[PDB]
Amino acid sequence: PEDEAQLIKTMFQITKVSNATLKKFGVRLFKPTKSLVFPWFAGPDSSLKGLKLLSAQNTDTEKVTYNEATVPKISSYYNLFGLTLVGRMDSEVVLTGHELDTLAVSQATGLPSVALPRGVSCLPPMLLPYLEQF
């Protein structure tokens, strides 16, 4: 289950990032396995597309993630991220693969951010109309 992961936003500097946008995005460091940065990699619903920890410090602390959250029905990287945590009701959206890049784009001057569960090398045809809406 994706809801099994906890949430924590303590004063930690594992990743050299600014939290001024993180509190806006609601992403908190889950403590199901470790204390690494674990943003809520899920959409509006509780789809078990993989809510593992993010690449804290971009060089360690679970740099890779999981493709599913629940025990059964392992999903692929066709899910979406970033745009779920933002309104995205505009025509200018910044596209990126890394979750940290999406968080930084959210921290930018109002530029919307949209990403997939593994947008670094994910299939861009899974949600082509969603990206083409802008």
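Calculation rules
- Residues numbered from 1 in each chain as written, not as in the entry; some residues may be left out.
- Part of a larger assembly, values for the part shown.
- Heavy atoms only, no water.
- Residues with missing side-chain atoms left out of burial classes, pairs and counts.
- Helix = DSSP H or I, 4+ residues; strand = E, 2+ residues; numbered from the N terminus.
- Rg over C-alpha atoms; globule rule 2.2 N^0.38 Å.
- Contact = heavy atoms within 4.5 Å.

This entry lists cryo-EM as its structure determination method and reports a resolution of 3.51 Å.

In the annotation of the PDB entry, the protein is listed under the name Twinkle mtDNA helicase and assigned to Lates calcarifer.

**Q** What exactly am I supposed to notice about the overall build of the protein here?
**A** Scanning the protein for helices and strands turns up 3 helices and 2 strands. Element order for the protein, N to C, with α for helix and β for strand: α-β-α-β-α. A compact globule built from 134 residues would reach a C-alpha radius of gyration of about 14 Å, and the protein, at 14 Å, matches this within 12%. Taking the principal axes of its C-alpha atoms as reference, the protein extends roughly 35 × 35 × 25 Å.

**Q** What's the story with unusual backbone geometry in this structure? I'm lost.
**A** One can expect most non-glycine residues to show negative phi and most peptide bonds to be in trans. Positioned with a positive phi, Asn58 is a non-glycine residue whose angle comes to about 65°. Secondary-structure assignment places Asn58 in the loop between α1 (22-25) and β1 (94-95). Notably, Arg88 is not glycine yet its phi reads approximately 60°, a positive angle. Along the chain, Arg88 falls in the loop between α1 and β1.

**Q** What is the right way to read the environment of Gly97 from this model?
**A** Its location among the elements puts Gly97 in the loop between β1 and α2 (99-107). Note: C-alpha distance between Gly97 and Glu68 (29 residues apart in sequence) is 18 Å. Residues in contact with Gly97, not counting those within four places in the same chain, are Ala115, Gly119 and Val120.

**Q** Mind showing me how you'd approach the environment of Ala42 here?
**A** Mapped onto the elements of the fold, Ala42 is located in the loop between α1 and β1. When the C-alpha atoms of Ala42 and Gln6 are compared, they prove to be 14 Å apart, with 36 residues separating the residues in sequence. Ignoring sequence-local partners within four residues, the contact set of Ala42 consists of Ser47, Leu80 and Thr84.

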